[PDB]
Amino acid sequence: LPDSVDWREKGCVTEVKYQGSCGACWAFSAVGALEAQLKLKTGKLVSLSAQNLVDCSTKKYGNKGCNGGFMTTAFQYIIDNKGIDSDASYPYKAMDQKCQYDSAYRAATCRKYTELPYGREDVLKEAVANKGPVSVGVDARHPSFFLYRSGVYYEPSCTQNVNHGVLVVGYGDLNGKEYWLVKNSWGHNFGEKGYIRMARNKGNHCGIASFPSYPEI
Ligand SMILES: *[C@H](CS(=O)(=O)c1ccccc1)[C@H](CCc1ccccc1)NC(=O)[C@H](CS(=O)(=O)CC1=C(C)NO[C@H]1C)NC(=O)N1CCOCC1
């Protein structure tokens with residue numbers, strides 16, 4: 001395994017998105033993971049429709065649109081639906097709408113997804129380095145997370161009780177401090193141009209390795 005990985009350098013990560021008033025973080029996390037696999041299997045990088053997940057992957061998948069959801073069941077919907085539209089063809093309106101999926105504008109599919117073992121940051125590391133960006137839930141309930149601007153985020157009061165779906169796009173070491181490179185969906189103004197480095201190998205800090213999963217085309 002390389003000492004550090006940054007899938008952005010590999011052109012496998014789309015622009016940072018802004019969820020606005022809608023709490024569809026779970027949706028952005030899922031599409032983000034899939035966008036990387038799409039680029040890896042076709043050479044083309046295209047933003048996938050988060051709105052498509054918000055409107056179509058609902059109750060049957062335990063998801064509540066702007067009120068929360070799961071990245072894994074999001075993947076399950078894409079498998080059952082046999083496709084997901086592109087962001088351009090099904091734009092993000094930041095609100096629950098009636099499902100408007102159109103197979104004519106399908107931009108990607110999903111064959112299956114993998115769930116990683118709870119709390120194993122070593123297995124997550126391997127997945128990030130060999131498979132690609134991984135969807136994860138983290139405890140982002142503390143003010144320190146919102147006010148973050150640079151460096152490696154460490155919050156002594158973080159728990160493994162996750163509530164926020166994000167994407168791990170890499171890992172590295174900064175001044176001896178190990179970290180996970182996390183892509184957020186709160187716009188370019190949050191943290192480092194929309195990204196945040198979280199303490200790595202510090203006993204599953206903020207539950208980042210509690211429930212990881214990634215899709216496969
Ligand atoms: C996005 C989170 S957020 O708005 O960025 C945020 C930021 C700072 C503090 C708190 C939240 C979703 C917000 C849901 C929401 C909206 C309005 C009011 C309350 C809550 N959160 C999620 O959708 C979250 C994703 S997760 O935690 O990764 C899902 C997983 C769980 C719960 N455990 O393992 C996971 C991977 N999911 C949920 O909150 N829920 C799942 C579906 O049922 C409802 C709750």
Side-chain angles (χ1 to χ4, degrees), residues 7-8 10-40 42-43 45-58 61-81 83-92 94-97 99-110 112-115 131-137 163-169 182-187 189-190 194-195 212-217:
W7 287 99
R8 290 176 304 177
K10 292 298 184 62
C12 290
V13 185
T14 62
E15 323 77 63
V16 173
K17 310 303 198 300
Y18 179 54
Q19 61 184 54
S21 296
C22 176
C25 62
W26 63 279
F28 282 108
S29 168
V31 296
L34 222 205
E35 298 172 334
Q37 296 302 306
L38 214 209
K39 205 293 183 303
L40 256 41
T42 73
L45 179 70
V46 317
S47 284
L48 294 178
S49 185
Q51 191 62 57
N52 189 164
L53 292 181
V54 168
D55 309 326
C56 313
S57 179
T58 57
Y61 297 99
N63 296 322
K64 303 155 70 62
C66 297
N67 288 306
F70 300 96
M71 289 80 81
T72 66
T73 61
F75 296 140
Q76 189 56 64
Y77 155 80
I78 300 175
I79 298 170
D80 299 344
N81 196 62
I84 183 174
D85 291 331
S86 69
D87 180 65
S89 69
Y90 199 153
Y92 186 64
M95 48 175 48
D96 303 299
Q97 311 179 302
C99 178
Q100 303 160 61
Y101 175 72
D102 190 324
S103 67
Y105 294 104
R106 180 195 311 162
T109 61
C110 182
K112 73 183 180 75
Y113 59 82
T114 292
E115 283 170 275
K131 308 294 182 174
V134 179
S135 293
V136 302
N163 73 301
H164 181 37
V166 290
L167 187 72
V168 172
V169 294
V182 185
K183 182 186 186 187
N184 198 6
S185 61
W186 298 347
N189 288 175
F190 168 75
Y195 289 79
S213 64
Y214 61 83
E216 298 193 314
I217 299 178

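Sequential numbering from 1 along the given sequence is applied to the chain's residues. The analysis underlying the following values was restricted to heavy atoms, covering all of them including side chains, and did not include hydrogens, waters or symmetry mates.
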Close side-chain approach of [X] to [Y], heavy-atom, < 4.5 Å:
{"X": "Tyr61", "Y": "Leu53", "value": "no"}
{"X": "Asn52", "Y": "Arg106", "value": "no"}
{"X": "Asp85", "Y": "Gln51", "value": "no"}
{"X": "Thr14", "Y": "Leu45", "value": "yes"}
{"X": "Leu48", "Y": "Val46", "value": "yes"}

Distance-only, no hydrogens or angles: does the [X] side chain make a donor-acceptor pair with backbone N or O of [Y] under 3.5 Å?
{"X": "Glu216", "Y": "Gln37", "answer": "no"}
{"X": "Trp26", "Y": "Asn67", "answer": "no"}
{"X": "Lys17", "Y": "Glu15", "answer": "yes"}
{"X": "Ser29", "Y": "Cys25", "answer": "no"}

> What residues, two or more places apart in sequence or in another chain, satisfy side chain to side chain contact (heavy atoms under 4.5 Å, CB included) together with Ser86?
Replying inline: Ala88, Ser89, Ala107
> Can you name the residues that form a side chain to side chain contact (heavy atoms under 4.5 Å, CB included) with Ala33, not counting sequence neighbours?
Replying inline: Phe75, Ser135, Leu167, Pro215
Once rounded to the nearest 0.5 Å, what's the spacing between atom [atom1] of [X] and atom [atom2] of [Y]?
{"X": "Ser47", "Y": "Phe28", "atom1": "OG", "atom2": "CZ", "value": "9.5 Å"}
{"X": "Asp96", "Y": "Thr58", "atom1": "CG", "atom2": "OG1", "value": "9.5 Å"}
{"X": "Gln76", "Y": "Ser213", "atom1": "CD", "atom2": "OG", "value": "11.5 Å"}
{"X": "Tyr113", "Y": "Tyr214", "atom1": "OH", "atom2": "OH", "value": "13.0 Å"}
{"X": "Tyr105", "Y": "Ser49", "atom1": "OH", "atom2": "OG", "value": "13.5 Å"}
{"X": "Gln100", "Y": "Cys56", "atom1": "CD", "atom2": "SG", "value": "8.0 Å"}

On a heavy-atom basis, which atom in [X] and which in [Y] lie closest, and how many Å separate them?
{"X": "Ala74", "Y": "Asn63", "answer": "N-ND2, 4.2 Å"}
{"X": "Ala24", "Y": "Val54", "answer": "CB-CG2, 3.6 Å"}
{"X": "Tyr90", "Y": "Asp55", "answer": "OH-OD2, 2.6 Å"}
{"X": "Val166", "Y": "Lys183", "answer": "CB-O, 3.7 Å"}
{"X": "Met95", "Y": "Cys66", "answer": "CA-SG, 3.7 Å"}
{"X": "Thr109", "Y": "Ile78", "answer": "C-CG2, 4.3 Å"}

>> Quick one, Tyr195 with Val13, criterion side-chain contact (heavy atoms from CB on, under 4.5 Å). Give me CA distance, side-chain angles, the key distance, then yes/no.
In response: CA-CA 12 Å; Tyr195 289 79; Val13 185; 3.3 Å; yes
